[PDB]
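Student:
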DNA sequence: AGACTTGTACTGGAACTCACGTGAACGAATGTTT
DNA sequence: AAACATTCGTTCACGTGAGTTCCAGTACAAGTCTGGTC
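Chains as they are written, first to last, in the entry's author numbering: chain A, 253 to 303; chain B, 6 to 169, 181 to 542; chain C, 656 to 701; chain D, 355 to 456; chain E, 180 to 203.
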């Protein structure tokens, strides 16, 4: 269990009550793919640069 | 597909008359037309738009050779809209002192449409007319205009300053109070109502809108919206029963169809900026590797399992696409709306041509509705698309009937979270006064009203008919930046906030109960 | 040795007689470029 | 007035926290009880994160339910359902209505 | 608590997926 | 003196989620060529 | 009149970046245990 966000319901500019948002239903996705060095079989760091 | 839209604008002196405490009708009409043009331009729509203004001091149109149809100008012929029209309307359009009728303007618009449509094939022809109906008009040509409209089968819409204390544009309230309307306005309303009802029957009464209402209804583009592409399939209960069906995306989240391109500040071209990705190993040398020297893998609980793309494709779950198979029928009470998944809702009708599928689908819909049951179906768009399990339920209307399909969750898509009950909590147990206060607040903030005790409810705040404000804000900011490169973005328009806010009546009714609850309910930050 | 050099070899299924790490060490003894996953420039897969 | 077929986004669950504002649990419970007994769902503008367009959503109260073993299956709170905007809808083609024999 | 999974404590033991079981 | 344990705080990384962008399968409709 | 392509238009799957919650690791202060000599 983990709240998506702790938001603050605002009935008025004065009345304010904190609440938490959860997802009782969530789409199931396969684990993200990981890039690997073809030779050593170790994780490789990916860096993006702009020039 | 493409269409012609002729916008008729009144620039008479009466329009310039700004009643104190209420925005002038000219400003409202300008805002509505500006919003329409912004949507038509920034959306990259292959539509042709022309502007005709009546009441101008000058005269420029094909039918102005003689003394007939004076004070009518064609600011732009039929063509793809551009920033030029927005610049012209925003800055160099002003009210005209001379007063002109509107039937002559309608005839001029018809002539313009007929002349311009010769060289191109247009699926739909549209006319939008914004007038306050405060100018004398000639009724001699009523039959001619009616016959021309009937023969040319061109849609027509009217916008008025008044719909059929404080005033807010698009504030879900009365824009123009029914106290001050003159006899000429009543005659104009009567004649336009006659024209609309004759053209489109009783349904035409809803084709006359108000500027404030139109600003928060997305009605200007009602007749120039393209139909969704149909998805053909076969609903198969078993191996011997099959009904040809067509599915459409009834509800789908709308996003921006254009992305933001990054360009250099010195030179505003995307070619200069180049992005490259370099892969390095976890070592001091930081040795670089090529794309061909990279493989795909997955984690297996502290263990790394390589999985090549070709390997994944070979071992990928293979199935046949474009399938609509009924896995069974279950009581409607067994399917809960809270479990609905996916980002779309499908509306399934029978095939376009054949009638056997139509009768079969109608029979299935009626049986499901009268038995209070829904069909659990397997949905697969294409071969690549992953199959899903969804619920299809009947949807019967006086004019049409279909099946509404919404995706359902899988066993692993559900989250098992345990919470603490509130009813059986001593610390969290509101007293009688708290319940009474909450009851008063709920009753004072009702968003629905009884429709004259006619077993019907009228919605005070129908959010489902409110357009998305993000698109309008983005269009406004883009137009401001284009026309004023050396100025910052402007603030959000007041009418947007008014349409995104509830009617002032609810707040006025809820003022007192809200303060009472605040006083009664302790609230301390921690 | 000198002959068994400048060659890319990949092994992914060893026999009970010699485990995969043992065969990897052996082939490395003669100077064989060990590659865990074969690529476009691999002599063969063992 | 909450049409079932007006589904846009998967619904969320709103539950009192009391970690930030004290005394919110009692107000939340009172609101839930009154809404359940009145069959009325709250309407609220929702903005999850900063610099995000608002969305009109409806909070429908949820009544705690337990199975035969007294195990929670429908936790109490509010169900947040996203209400689609005008442009979120689509226009369907006109189709003549055909009836079916009994 | 009854029905608690022996593999993952604190989570309800999900029942096996049956599918479609036509009634009598 | 010193070193280890306890607490307190404080921060940065990991996992989760959503929004944006892109690539590419593919499915069908239509236009053109034989 | 039939077949192919093309096109094209769409839509779904996959990948990358920003915000939120949770927990591991680190710095500093204090308590606690222990050493020796006059």
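Heads up, the beta-carbon is just placed ideally off N, CA and C, and yes, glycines get one too.
Using only alpha-carbon positions, find the residue among 66/B, 214/B and 411/B that is nearest to residue 385/B.
Tutor: Of 66/B, 214/B and 411/B, the residue nearest in Cα terms is 411/B.
Student: Helix, strand or coil: which one does DSSP assign to residue 338/B?
Tutor: Residue 338/B: coil per DSSP, three-state reduction.
Student: Which chain E residues sit within Cβ distance under 8 Å of residue 427/B?
Tutor: Chain E residues near residue 427/B: 193 and 196.
Student: Assign residue 541/B to one of three DSSP states: helix, strand, or coil.
Tutor: The answer is strand: DSSP assigns residue 541/B an E or B state.
Student: Distance check for residue 425/D and residue 418/D, CA to CA, integer angstroms please.
Tutor: Taking the straight line from one Cα to the other gives about 10 Å.
Student: Check whether the Cβ atoms of residue 102/B and residue 137/B sit closer than 8 Å, and answer yes or no.
Tutor: No, the Cβ-Cβ distance between residue 102/B and residue 137/B is not below 8 Å.
Student: Could you give the first and the last residue of the continuous beta strand (DSSP E) run that contains residue 83/B?
Tutor: 77-84 is the span of the beta strand (DSSP E), which, as asked, contains residue 83/B.
Student: When you check each C-beta in the segment 276-300 of chain A against every C-beta of chain D, which residues fall closer than 9 Å?
Tutor: Listed by position, the residues of the segment 276-300 of chain A near chain D (Cβ gap below 9 Å) are 276, 277, 278 and 279.
Student: What residue range does the beta strand (DSSP E) around residue 398/D cover?
Tutor: Where residue 398/D is concerned, the enclosing beta strand (DSSP E) stretches over 396-400.
Student: Is residue 226/B helix, strand or coil when you go by DSSP?
Tutor: Correct three-state label for residue 226/B: strand.
Student: Starting from residue 311/B, find everything on chain C with Cβ-Cβ shorter than 9 Å and list it in chain order.
Tutor: By Cβ distance, chain C contributes 691, 692 and 694.
Student: Could you pull out every unbroken alpha helix (DSSP H) segment of at least 4 residues lying fully inside the segment 376-440 of chain D, listed in chain order?
Tutor: As far as the segment 376-440 of chain D is concerned, its whole alpha helix (DSSP H) runs of at least 4 residues are 378-392.
Student: Could you pull out every residue in the same chain whose Cβ sits closer than 8 Å to the Cβ of residue 270/A, ignoring the five residues on either side in sequence?
Tutor: So the qualifying residues of the chain are 258, 259, 260 and 261.
Student: Measuring only the C-alpha atoms, how far is residue 208/B from residue 152/B?
Tutor: Taking the straight line joining both Cα atoms gives about 15 Å.
Student: Who are the neighbours of residue 271/A on chain B, taking C-beta pairs under 8 Å?
Tutor: Within chain B, no residue comes near residue 271/A; the closest Cβ sits about 13 Å away, beyond 8 Å.
Student: By a C-beta neighbour count over all protein chains shown, 10 Å radius and 16 as the cutoff for buried, is residue 402/D buried or exposed?
Tutor: Its Cβ having fewer than 16 others within 10 Å, residue 402/D is exposed.
Student: Among the candidates 457/B, 444/B and 497/B, whose CA atom is the shortest distance from the CA of residue 379/D?
Tutor: Ranking 457/B, 444/B and 497/B by Cα distance to residue 379/D puts 444/B first.
Student: Nearest-angstrom Cα distance between residue 266/B and residue 404/D?
Tutor: Straight-line Cα distance between these residues: approximately 30 Å.
Student: Per DSSP, residue 160/B forms a beta bridge with which residues?
Tutor: Paired residues: 131/B.
Student: With distance defined between alpha-carbon atoms, name the residue in 27/B, 219/B, 116/B and 73/B nearest to residue 193/B.
Tutor: Closest option to residue 193/B, Cα to Cα, is 27/B.
Student: Just to confirm before moving on: does the CB-CB distance between residue 268/B and residue 360/B stay below 8 Å?
Tutor: For residue 268/B and residue 360/B, yes; Cβs fall inside 8 Å.
Student: According to DSSP, is residue 15/B part of a helix, a strand, or is it coil?
Tutor: Three-state DSSP puts residue 15/B in a strand.
Student: With distances taken Cα to Cα, identify the nearest neighbour of residue 402/B among 348/B, 336/B and 370/B.
Tutor: Residue 402/B has its Cα closest to that of 336/B, out of 348/B, 336/B and 370/B.
Student: Using the three-state DSSP reduction, which class does residue 427/B fall into: helix, strand or coil?
Tutor: In the structure shown, residue 427/B sits in a helix (DSSP, three-state: H, G or I).
Student: With the cut-off set at 8 Å, would you say residue 170/B and residue 261/B are in Cβ contact?
Tutor: No coordinates exist for residue 170/B in the structure shown, because the numbering of chain B passes directly from 169 to 181.
Student: Does chain C have any CB closer than 8 Å to the CB of residue 308/B?
Tutor: Chain C, which has a Cβ nearer than 8 Å to the Cβ of residue 308/B, makes this yes.
Student: Three or more C-beta pairs closer than 8 Å, one from the segment 457-465 of chain B and one from the segment 384-394 of chain D: is that the case here?
Tutor: Judged by Cβ distances under 8 Å, the segment 457-465 of chain B makes contact with the segment 384-394 of chain D, as three or more pairs qualify.
Student: From this set, 425/B, 390/B and 242/B, which residue's C-alpha is nearest residue 445/D's C-alpha?
Tutor: Closest option to residue 445/D, Cα to Cα, is 242/B.
Student: Taking the CB atoms as reference points, tell me whether residue 715/C and residue 665/C lie closer together than 8 Å.
Tutor: Because chain C is modelled from 656 through 701, residue 715/C falls outside the range shown and cannot be assessed.
Student: By the criterion of Cβ-Cβ separation under 7 Å, what are the contact partners of residue 263/A in chain B?
Tutor: Within chain B, the residues near residue 263/A are 530.
Student: Based on DSSP bridge pairs, tell me the residues matched to residue 406/B.
Tutor: Paired residue(s): 393/B and 423/B.
Student: Step through the CB atoms of chain D and report whether any lies within less than 8 Å of the CB of residue 357/B.
Tutor: Yes, its Cβ sits closer than 8 Å to a Cβ of chain D.
Student: Have a look at the DSSP bridge pairing and note the partners of residue 302/A.
Tutor: Answer by DSSP bridge pairing, in chain order: 291/B.
Student: Got a sec? Which residues, its chain only, sit under 7 Å from residue 481/B by beta carbon, not counting five neighbours each side?
Tutor: Answer for residue 481/B: 233, listed in chain order.
Student: Between residue 14/B and residue 58/B, how many whole angstroms is the CB-CB distance? I'm expecting something under 8 Å.
Tutor: Rounded, the Cβ-Cβ distance is 5 Å, consistent with contact.
Student: Of all the CB atoms in chain D, is at least one closer than 8 Å to the CB of residue 523/B?
Tutor: No, no contact with chain D.
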